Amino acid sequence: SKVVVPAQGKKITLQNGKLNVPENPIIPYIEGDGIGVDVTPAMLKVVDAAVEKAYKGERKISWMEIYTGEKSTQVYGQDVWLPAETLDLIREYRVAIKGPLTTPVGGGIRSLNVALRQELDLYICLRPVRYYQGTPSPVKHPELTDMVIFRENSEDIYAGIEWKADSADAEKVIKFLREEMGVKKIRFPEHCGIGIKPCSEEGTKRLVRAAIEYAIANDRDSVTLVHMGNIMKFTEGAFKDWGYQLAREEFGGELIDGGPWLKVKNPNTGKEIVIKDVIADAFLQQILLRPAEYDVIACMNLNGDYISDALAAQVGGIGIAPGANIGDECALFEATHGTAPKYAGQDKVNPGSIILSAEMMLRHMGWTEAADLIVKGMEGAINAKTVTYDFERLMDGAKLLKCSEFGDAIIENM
C-alpha cells in the first residue's frame, strides 16, 4: 500500500450531482511512462502557476502521485501494471489526470487505458478538437474546425470479447454459430478469429444524453450522431435510432420538415440544437470538406477513436489534443498520445495535450479562471511562435524551446 497522501489537502467531494471542491483538493496524477516523464512536470508547473495567478494564492492543489503502467512494476511488483488501489483512489478522490501508459506485449495485458475506462466505468470520452491560431496544419482552412467528440467508452468491439483462431473457445463459438444459429456468412471458419461487438440501449442512451446536454449547456448548434449503420443495423444502426429516440422523448425534439433530423430547443437561449446523423465513412470526408457543419459529435467507441485522431491531425494538434474519460463517480483526464521512448528523458516533446487536459480538468472542478489562464498561455506561446520541435520543424522563423521551456513560455503568456 504505497501512495503518499498530501497531508494538507482535502478530497474532492460529491454532493449529489455536484462536486464540492475544497480550496485545497488532492488530485491524483499518474506520471505516465516513456515521455510521461517530461510532459507531466511541464503540466504540474504550468497548472500550479495557473491557480496561483487566478485565485491569488487562495487555492492550492495537493498533488498526489499514483501509478499504473511501467511505474507500477518498478514500485510494487514486476507484474503489476494496474494496482487495485489505483482504482479505489480515482474513485475516492473523484478527479485524476494522467500521462501516457505503456502496455507490455507478450503478457496477456489488454490496452491499459481501455482497462481503466472499463473498470472505472468512465462511459463518456470527451475529446474537444479546435484550431489554435498559428498551429501548423496540413489543411488549408483549419480554423473552421471546432468540434466535440463524445466517443462512448464501455462498449462496441472495442471491449475485447475476442477468441484466438484455432483455440477451443474460437472453435465452438463458430460451431455454435454454424449449427445452432444457422450462420452461413462466415466464408472461412477454419482458422478464423471471432470478435463480438455489443451495443445496448442503455450504453447508447447515456452517451447521447451527455452529448445533447453539453450542446444545450454551451449553446452549441448541433449534435451529429455518427454510425456505420447502413451495414451495422442492430448495433451502429441501433445507436442512431436510440440516439434519436432519446432526443425525441427526453429533450422533446421536433421532426424537422421530413427528418430524421430533429429541432430540440435550447431552454436557456431558446435556440434550436439540430440532431442530424451522418454515416461513418462519409463523416470522415465531410470533416475535411464541410468542417463548419459539425459541432458536437456522438459515436460508438471505435468510430470515436478514428474520428478523433483524424480531426486532431487536420488542426495540427497531433500532440496538442486534450481529452477526458468522464464517468459518473469520477473523471480521469489524459494525455491523448503514446509514450515515445526514443525521445523520452530528452525533454523535447510537446506537453500541450496533457497541459490542455489539465485545463479541461480545472474547468470541470469549477476553477474557470485558472483554466482560462492556461487557455491563454497556450494561445499566446503558440501565436508567439515560441515553440517545440514538432511545430517548429514546420513553422517558419519559430524559436525552438524544450518541453520545459515551452511550459515556461505558456506561464509567461498567462
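Each residue number is its position in the shown sequence, starting from 1.
Can you tell me whether 213 to 221 has a higher mean C-alpha B factor than 292 to 300 in this record, or the other way round?
Looking at the record's C-alpha B-factors, the answer is 213 to 221.
If you average the CA temperature factors as listed in the entry, which stretch comes out higher, 73 to 81 or 223 to 231?
So the stretch with the higher mean C-alpha B-factor is 73 to 81.
Between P138, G243, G270, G237, which carries the biggest CA temperature factor in the record?
Spelled out: the listed residue with the top C-alpha B-factor is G270.
Specify which of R187, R206, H337, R130 carries the largest Cα B factor in the deposited PDB entry.
Reading the PDB entry, the winner on C-alpha B-factor is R187.
C-alpha B factor of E152, ranked within the chain: lowest, middle or highest third?
Lowest third, going by the recorded CA B-factors of the chain.
By the recorded C-alpha temperature factor, relative to the other modelled residues in its chain, which third is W63 in?
Its C-alpha B-factor belongs to the middle third of this chain's values.
Taking the chain's C-alpha temperature factors as the reference, tell me which third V37 falls into: lowest, middle or highest.
Highest third, going by the recorded CA B-factors of the chain.
Should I109 be placed in the lowest, middle or highest third of its chain by the C-alpha B factor in the entry?
Highest third of the chain for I109's C-alpha B-factor.
Based on the entry's values, in what third of the chain does the Cα temperature factor of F283 lie: lowest, middle or highest?
It belongs to the lowest third of the chain when residues are ordered by C-alpha B-factor.
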